[PDB]
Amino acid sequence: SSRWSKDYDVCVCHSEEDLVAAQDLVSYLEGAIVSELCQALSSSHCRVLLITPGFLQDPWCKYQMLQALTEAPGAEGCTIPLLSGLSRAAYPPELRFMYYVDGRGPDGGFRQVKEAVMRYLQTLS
């Protein structure tokens, strides 16, 4: 519950193919919000899933997405799916019943992602 219970406020879970976009999101988020690219030993309050064509094709990415949602946004943790570079028709069906940010929104979805992160940080002590 403590804002300091975790070293980072948000990390970006991405596939190698989208390194650049992920770095821009991290940059956008930090402009305070502490951000980084997600990694094995990475632990933050919020986790952004950069769901792209490369992400959906990668078995490890999909499994990570699964674990990200395993213990997260049901309503407890903070997992933010960001659909980027994908046709809506190719979106994972389950998202229809879940919260997510569309990449066609303002700032490629970056703005709503940052907002979602802040909303969650405000609920911390």
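So that there is no doubt, residue numbering starts at 1 and follows the sequence shown.
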Legend entry - Chain break class at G31/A32 - deposited residues not modelled: 10 or more
Legend entry - Which of 85-93 and 72-80 has higher mean CA B factor, as the PDB entry lists it: 72-80
Inset, instruction - Determine, from the deposited record, the chain-internal third of the Cα B-factor for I51: lowest, middle or highest. - result: lowest
Inset, instruction - Compare the C-alpha B factor of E17 with those of the other modelled residues in its chain, then answer lowest, middle or highest third. - result: highest
Legend entry - Among modelled residues of the same chain, the CA temperature factor third for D102: lowest
